[PDB]
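Just below is one structure, and these are the notes that go with it.
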Amino acid sequence: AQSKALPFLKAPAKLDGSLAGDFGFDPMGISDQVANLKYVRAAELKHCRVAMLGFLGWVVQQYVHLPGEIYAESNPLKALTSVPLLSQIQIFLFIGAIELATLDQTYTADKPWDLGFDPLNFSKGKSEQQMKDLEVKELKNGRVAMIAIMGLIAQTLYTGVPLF
Amino acid sequence: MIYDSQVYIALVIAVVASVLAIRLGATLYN
Amino acid sequence: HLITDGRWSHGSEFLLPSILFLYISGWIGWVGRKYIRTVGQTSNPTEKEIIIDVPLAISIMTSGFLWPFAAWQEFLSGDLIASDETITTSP
Amino acid sequence: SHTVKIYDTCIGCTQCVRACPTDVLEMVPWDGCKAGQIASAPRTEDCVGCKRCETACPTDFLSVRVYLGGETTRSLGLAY
Amino acid sequence: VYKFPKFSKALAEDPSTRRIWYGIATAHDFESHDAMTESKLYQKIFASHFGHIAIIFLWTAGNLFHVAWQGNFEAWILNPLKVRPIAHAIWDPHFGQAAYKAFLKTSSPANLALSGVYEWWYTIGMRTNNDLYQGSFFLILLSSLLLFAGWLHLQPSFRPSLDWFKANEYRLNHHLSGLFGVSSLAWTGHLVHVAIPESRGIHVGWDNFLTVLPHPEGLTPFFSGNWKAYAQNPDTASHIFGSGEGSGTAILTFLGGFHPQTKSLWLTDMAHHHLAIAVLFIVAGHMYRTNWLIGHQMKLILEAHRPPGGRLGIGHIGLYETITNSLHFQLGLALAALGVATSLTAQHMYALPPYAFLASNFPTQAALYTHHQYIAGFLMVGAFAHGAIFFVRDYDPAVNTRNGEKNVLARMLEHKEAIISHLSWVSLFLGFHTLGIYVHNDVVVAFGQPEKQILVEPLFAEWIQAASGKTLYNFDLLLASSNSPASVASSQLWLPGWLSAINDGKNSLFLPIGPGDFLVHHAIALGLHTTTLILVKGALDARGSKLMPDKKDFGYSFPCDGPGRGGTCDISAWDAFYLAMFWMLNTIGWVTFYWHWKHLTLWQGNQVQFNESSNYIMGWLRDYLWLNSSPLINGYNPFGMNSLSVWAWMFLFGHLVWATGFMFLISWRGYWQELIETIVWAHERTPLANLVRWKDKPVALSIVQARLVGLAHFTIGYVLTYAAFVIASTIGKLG
Amino acid sequence: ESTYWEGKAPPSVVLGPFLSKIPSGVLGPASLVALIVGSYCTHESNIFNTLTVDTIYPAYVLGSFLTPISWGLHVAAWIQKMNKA
Amino acid sequence: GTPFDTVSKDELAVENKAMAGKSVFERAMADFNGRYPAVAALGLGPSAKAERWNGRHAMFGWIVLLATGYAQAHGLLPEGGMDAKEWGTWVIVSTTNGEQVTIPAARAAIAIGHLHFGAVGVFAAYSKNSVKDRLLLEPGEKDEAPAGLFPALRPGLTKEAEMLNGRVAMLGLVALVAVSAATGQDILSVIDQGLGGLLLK
Ligand code: CLA
Ligand code: CLA
Ligand code: CLA
Ligand SMILES: CC(/C=C/C=C(C)/C=C/[C@@]12O[C@]1(C)C[C@@H](O)CC2(C)C)=C\C=C\C=C(C)\C=C\C=C(C)\C=C\[C@@]12O[C@]1(C)C[C@@H](O)CC2(C)C
Ligand SMILES: CC(/C=C/C=C(C)/C=C/[C@@]12O[C@]1(C)C[C@@H](O)CC2(C)C)=C\C=C\C=C(C)\C=C\C=C(C)\C=C\[C@@]12O[C@]1(C)C[C@@H](O)CC2(C)C
Ligand SMILES: CC(/C=C/C=C(C)/C=C/[C@@]12O[C@]1(C)C[C@@H](O)CC2(C)C)=C\C=C\C=C(C)\C=C\C=C(C)\C=C\[C@@]12O[C@]1(C)C[C@@H](O)CC2(C)C
Ligand SMILES: CC1=C(/C=C/C(C)=C/C=C/C(C)=C/C=C/C=C(C)/C=C/C=C(C)/C=C/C2=C(C)CCCC2(C)C)C(C)(C)CCC1
Ligand code: SF4
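Protein chains in written order, with the deposited numbering: chain 8, 36 to 199; chain m, 1 to 30; chain f, 94 to 184; chain c, 2 to 81; chain b, 2 to 736; chain h, 44 to 128; chain 9, 31 to 231.
Given below as structure tokens:
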């Protein structure tokens, strides 16, 4: 009834109105245990962004490579082992440096997903409806990418073909 | 025989688990 | 080796000594209980426990040969078991 | 300091008060017994917990009860 | 003198050293802390659980890392019956050259590993010092996960409420199905995928596991229902473990008995066992009701269980709220179950060795059995102690009573005198007669006429052995008979393996028993009954007795009620635990003495020595202790030393700690307060030391603290001296 | 609710809202049939014919599971009969 | 699950508005000081006092590393191993087959020199009332104010100059260890490469 995604079920109590992308999709009632939807939305958006970047990297590594030889592997899962540990540890340290401040931030803030990242100011001057539309676009694209990046990983692990 | 790199990174990871332990210890209060 | 599973073939190893001890120990317990209950209805029950009434003691002790019969004649009359005058702790 | 409670089973026989080594108990007027007196514990800060008070109690399960609690240099009997 | 016992202001105001001592011993009694609520209690317990699991995983990771780094795991793989496993290296500056030479193993002084981790890890499919390192890395990662979770669930928005903590049905469904069944399913997956091929020479690592089929048919029989295909072609009787010679292709079989080479359970047997356990527990995890309208409400189940004629009172009506609202009832139940479970582990890992080449590792066998039996005794005593604590501080008679009539738990306090009297009668019966028979054998053998001994054949236990297939006592009962329906039923499934193992003199599976086994089992029964008597008496009498009809008002642990009313020493329920610890130690000592002597005679071959000398006490004293203590005490002599020197030092150390416990137990307070006062005067009245003064007034240890310290010394000395003796005796006698 | 009882038989609510509405004349014969079927399945999988890897017969196994069940069905049948159902 | 609340409404996180703005360095310092007092009040941890002391030690240790490379190159730094018969079994490292490999004598000498310097440090630590700059913060003393991303460009023997040089030396040590770990050569080999060859010549 109240779920748009599952037009027959009634959504849970915490799925209503605000927090764009709310289509009443919580059949298992996971939202009933979390105190609020702030942390789960932060986790969902982090997954969405990481999955978008992962899909883009998957395709680009399929087609484009860095000039060096160590980056010449086309299969992303094989490149996970072919690439030297120095590059991967540098990436991990960069991510952890970004992650510790946001670790302090996420567990207490009202909008843990709002990291203040807008270098090009794509949101300055946008109205509330436009901002909500942008949030919906981001969430949609992220969910589709998550499904897609998991599918790419599965098909590479099951057939060895990294794409198509 | 394990290498110096293997033992060193295990020591580094053990340090990280130590900082997580004091955070739990301090969060369980004085 | 003693075969004490209960078979009468090796009955002289455990079963017959078991019956003998049960008789003797029931005799002892019965005469002790009878003496306790008998001097428990006198003016000075505690005095007759450190200074035994040897006449009454001898009278009771030689009467223990019927302890299996006396026990299953006092249990039937309800004189063997107390009911609720027994004391209990707080909980 | 330890906790000392008095219960209305008190018969006012004064044996608790005259057994206290630290002057914790005293006899106060009452109307719940023949003697017209009941024990009181107005100086429990000096209570040492030796429980001499309830060793002299003749009532069935006591009328003065000592509950050991937080310790103090007075309650620990420390001359130093 | 302040701020240390942050959780207790009453202790923080103590001007004496008692504040420091009591601050340690009350740190984990969260229910007694100042400014305490139930929500904070459950949240703190939850975080402490997380930290504890992290500690366990870190300990396992450390064992893995030290075996990988300083052990000889790889060398032990190629020769498991001759190479002695190494636990970790030794660096001690106090060593002389002789100690370095004696403890020297390969490249550095090291300790032999008696934990049996080598055999366990080899069985589950580890062949490289890099496999152990991966396990250590993963376990440290898991410890980090658990520490992060423990920190997280103390944060404001992530702290669970009381309703979540007391949600019994959800926790049971998940624990049973998820934890037990799914962990068994994952363990079956690992067993098959990795362990089964690794025992057959095929390496299945974290690289070629998505492409190496655990079975040649590959999941086709499972979906097709042809589940027999996974049992076809098992490992032959000439299979060399870890090699493809004589191997098979089956992954789930019934074989029974042991591997002909490793003398341990078949890996395909254990995989099938865990798969069956997984299915059963996953099924059983759907019993209780959750958000989907089907299942059980355990309150209704408990309330509806009242016998109609009426002999349990009103039944179990008040038990749901009693257990839910008490953390000591649940803790006691869990501790009792864990004690029974670890007793089961001890009793089954020697009769049915599950790890390759563990049967021939006699020192590790003895160490494992002793360790698990001692842990079992500790857990049982803890269960009873927490039952007593529940009686003192959590039991509510009103909840367990409906209109005067009492429920199943409240009725245990009505016939408490009957229970205690009959426990006392059983204990006296067993003690009197076991000691009588033992002393009769002592006197009769001493007078040179051993034929007059009273030796009772354990026919009841031998009857059970024959029922399981042992054709040694000529009973021809159930599985000792080839015509009984019990034998014809499994003649094609697991009897040929089981019979071949039970009817073998080199196994520990159903060891042959005689009159000595009878007498020692009666001694064990006496010990169990007396420990149970002490613990049950303390639990039931916790809320009060005739000597103290208000014992519940004084708490679980208090020193006494004074010298009045004849004297009230050791009257609290804590004192019952304290007294029962000695009896638990004695009972576990009897059990471990019996096990170790039986297995020393079995391994050495002189089983006639046990069967003859175990019927009288001097036989034990002379042939077990005095005989096998010779290698241990000669770990260092005025002529030299051996690698057993550390065990002799630990032997003497245990004796010393035992006797210091004797100090703390025999001599009580009051004698130590006046001496401390004299010392205080001496310090206060001496120059050059008056400049230094204490901040906390030095006082003697409290009565309860003194009892605890004496018990701790007694127990630590007991454990250390027996561990040293068993290990050193096994090592020095059996090569 | 109130599964607690003190009379001769428990209330029908203890059977769940599926067995609470079965007439006893249905549960009784059903319980007897289930017991007979389960005993026969157990005696056909084992006892009469020795078990083997090639002979497991999910019908006999599933069947045999009706013996434990039978116990519950006739307990419920008695409960329904005593509750005028 | 559904008929109850897993987290009570009374236990909910509140956003800390007191850290508005407050760049990650200020936020981290404030979080450390509030979360761990009595070690923050001593100046330990992410503090300007600790940073200054560690920078001084890093500069002195760059000097020590140069000296060690020079000593190794110029025939100093004694040869062989320690005498187990003279210094006990604690100096024995391993026994391969009948020979005891001991701690190198050069390592022992370098440890003795480091012991000299560390002893000087320990004396200065337990000499707070007679040293110009203390190791820890007095109760009341407040930590010097962080220098920021770029300390003031004040040449000479100034606090800013020592601060900048200590930061540079600590970063250099971090880079040296990172290069040695990533590439796989000895620390002195990395220093030799980073000096062209003028050290181990
Ligand atoms: C002679 C009378 C007598 C009788 C009928 C009983 C009967 C009983 N006693 Mg008992 N008891 C007695 C004397 C007696 N006792 C004495 C004298 C003592 C002090 C040592 C005890 C100490 C005792 C304990 C500690 C326990 C019992 C228990 C029991 C019960 C179980 C049986 C048992 O364990 O035996 C126990 C018997 C003994 C330990 C030995 C008794 C010592 C001698 C043989 C008895 C005295 C003989 C007496 C002098 C004869 C004089 C009579 C003469 C003048 C006419 C049972 C109700 C147990 C119980 O409660 O179970 C329900 C239990 O735990 N009793
Ligand atoms: C599938 C979901 C799931 C899983 C895997 C777990 C798992 C766990 N929970 Mg948990 N929990 C869940 C859902 C789940 N929970 C839910 C939904 C709730 C809310 C209702 C809770 C509420 C909850 C609380 C409040 C607590 C836990 C705790 C724990 C941990 C217990 C300690 C441990 O490591 O045991 C490991 C145990 C095993 C791996 C198995 C033990 C094997 C036994 C001993 C052998 C028995 C075999 C046999 C029966 C022996 C007898 C022989 C037979 C013949 C009778 C464990 C990690 C506790 C903890 O430590 O928190 C960190 C704790 O305090 N949980
Ligand atoms: C998982 C099991 C478990 C859990 C959760 C608890 C939890 C609890 N128990 Mg409990 N207990 C357990 C098992 C458990 N126990 C077992 C197995 C026993 C039997 C031995 C007991 C016996 C017991 C008693 C008798 C009491 C408790 C109490 C308590 C409560 C406070 C604990 C406290 O203050 O610690 C204090 C911790 C210490 C004093 C540390 C003691 C450390 C010992 C001495 C070992 C250290 C020596 C070490 C081996 C050194 C080696 C020497 C070297 C030379 C080799 C708490 C609720 C107390 C309470 O008030 O409950 C309400 C209480 O009176 N428990
Ligand atoms: C990358 C992406 C968006 C990236 C946007 C970025 C970084 C924007 C960053 C900024 O705005 C911020 C944040 C703040 C501004 O102030 C600054 C900038 C910097 C401007 C979306 C991808 C979104 C990606 C999506 C939705 C991908 C969907 C993929 C699908 C359906 C793939 C399907 C398949 O892969 C399978 C499954 C199997 C294959 O075999 C077959 C096919 C069909 C190829
Ligand atoms: C790089 C470093 C620290 C980096 C920290 C970072 C990026 C922190 C980032 C964050 O905080 C933010 C930004 C925001 C937070 O919310 C989150 C995180 C992510 C946490 C420290 C180096 C620190 C490096 C140090 C301290 C080096 C010390 C060296 C000394 C003392 C010298 C010793 C010697 O001289 C002797 C003693 C003897 C000689 O023989 C040998 C030598 C070694 C030469
Ligand atoms: C300051 C220093 C040493 C100072 C020494 C002092 C004061 C000694 C003082 C003395 O009193 C003593 C103690 C003892 C006396 O007997 C001797 C004297 C001399 C009198 C070393 C710094 C040493 C500093 C070093 C080695 C710096 C290395 C930096 C690197 C590699 C930087 C790399 C990057 O810059 C790139 C390349 C690209 C960027 O984008 C990224 C990064 C990574 C930042
Ligand atoms: C104090 C108290 C408590 C505690 C208690 C305890 C601690 C108990 C213990 C208990 C126990 C510890 C018990 C045990 C039991 C056991 C059993 C019950 C067993 C059974 C078994 C069986 C039944 C078996 C059978 C068989 C056989 C014999 C053969 C084979 C097969 C079969 C299976 C058939 C609580 C807390 C609760 C509460 C409060 C009070
Ligand atoms: S303890 Fe009993 S006696 Fe000693 S003082 Fe307090 S009350 Fe008087």
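Think of the CB as a built atom: it goes at the ideal place given N, C-alpha and C, for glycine as much as any other residue.
Check	Outcome
Within 10 angstroms of its Cβ, does residue 687 (chain b) collect 16 or more other Cβ (buried), or is it exposed?	exposed
Could you please give the first and the last residue of the uninterrupted alpha helix (DSSP H) stretch that includes residue 142 (chain 8)?	Unbroken run through residue 142 (chain 8): none, as it is neither H nor E.
Would you say the beta carbon of residue 87 (chain 8) comes nearer than 6 Å to a heavy atom of ligand 4?	yes
What are the boundary residues of the alpha helix (DSSP H) that residue 625 (chain b) is part of?	It is not in any alpha helix (DSSP H) - residue 625 (chain b) carries neither H nor E in the DSSP assignment.
Check the C-beta distance from residue 369 (chain b) over to residue 339 (chain b) and give it rounded, since I have them as a contact under 8 Å.	No, residue 369 (chain b) and residue 339 (chain b) are not in contact; Cβ-Cβ is about 17 Å, not under 8 Å.
So residue 40 (chain c) and residue 26 (chain c) are supposed to be a Cβ contact under 8 Å. How far apart are they, rounded?	5 Å
Can you list, in chain order, every residue whose CB sits closer than 7 Å to a heavy atom of ligand 6?	89 (chain 9), 90 (chain 9), 92 (chain 9), 93 (chain 9), 195 (chain 9), 198 (chain 9), 199 (chain 9), 201 (chain 9), 202 (chain 9), 205 (chain 9), 206 (chain 9)
Could you check whether the segment 199-207 of chain b touches the segment 229-244 of chain b, counting it as contact only if at least three pairs of C-beta atoms, one from each stretch, sit closer than 8 Å?	yes
Going by C-alpha to C-alpha distance, which of 624 (chain b), 103 (chain b), 580 (chain b), 567 (chain b) sits closest to residue 595 (chain b)?	624 (chain b)
Touching or not, the segment 311-329 of chain b and the segment 399-418 of chain b, by the rule of three or more beta carbon pairs under 8 Å?	yes
Under a criterion of Cβ closer than 6 Å to any non-hydrogen atom of ligand 4, which residues qualify, in chain order?	87 (chain 8), 90 (chain 8), 91 (chain 8), 152 (chain 8), 153 (chain 8), 154 (chain 8), 155 (chain 8), 157 (chain 8), 176 (chain 8), 179 (chain 8), 180 (chain 8), 183 (chain 8), 186 (chain 8), 187 (chain 8), 190 (chain 8), 198 (chain 8), 199 (chain 8)
Give the range of the alpha helix (DSSP H) segment to which residue 135 (chain b) is assigned.	130-153
Whole angstroms are fine: how far does the CA of residue 188 (chain 8) sit from the CA of residue 208 (chain b)?	15 Å
Quick check on the burial criterion: 16 or more other C-beta atoms within 10 angstroms. Buried or exposed for residue 668 (chain b)?	exposed
Counting only Cβ-Cβ distances shorter than 7 Å, please list the residues of the segment 123-150 of chain 8 near chain 9, keeping chain order.	136, 139, 142, 143, 144, 145
Could you work out which residue in 199 (chain 8), 60 (chain 8), 84 (chain 8) is closest to residue 181 (chain 8) when comparing CA atoms only?	84 (chain 8)
Please look up how many angstroms separate the CB atoms of residue 272 (chain b) and residue 193 (chain b), rounded, as I've assumed it's under 8 Å.	5 Å
Around the Cβ of residue 714 (chain b), are there at least 16 other Cβ atoms within 10 angstroms (buried) or fewer (exposed)?	buried
Quick check on residue 70 (chain 8) - is its C-beta less than 7 Å from some C-beta in chain b?	yes
Could you pull the start and end residues of the alpha helix (DSSP H) that residue 441 (chain b) belongs to?	417-447
With DSSP as the reference, label residue 172 (chain 8) as helix, strand or coil.	helix
Closest to residue 420 (chain b) by C-alpha separation, out of 144 (chain b), 360 (chain b), 540 (chain b), 498 (chain b), would be which residue?	540 (chain b)
What are the residues in the segment 311-323 of chain b lying within 9 Å of chain h by C-beta distance?	311, 315, 316, 318
Should residue 14 (chain c) be counted as a contact of ligand 8 given a C-beta to heavy atom distance under 6 Å?	no
Assign residue 651 (chain b) to one of three DSSP states: helix, strand, or coil.	helix
Please report whether the beta-carbon of residue 304 (chain b) lies at a distance below 7 Å from any beta-carbon of chain h.	yes
Beta carbon of residue 1 (chain b): closer than 6 Å to some heavy atom of ligand 5?	In the structure as shown, chain b begins at 2 and stops at 736. Residue 1 (chain b) is therefore absent and cannot be evaluated.
Cβ atoms of residue 364 (chain b) and residue 87 (chain b): under 7 Å apart, would you say?	no
Please confirm if residue 156 (chain b) has its CB atom under 7 Å from at least one CB of chain 8.	yes
Only counting the same chain, and skipping five residues up and downstream in sequence, which positions put a Cβ closer than 7 Å to that of residue 194 (chain 9)?	181
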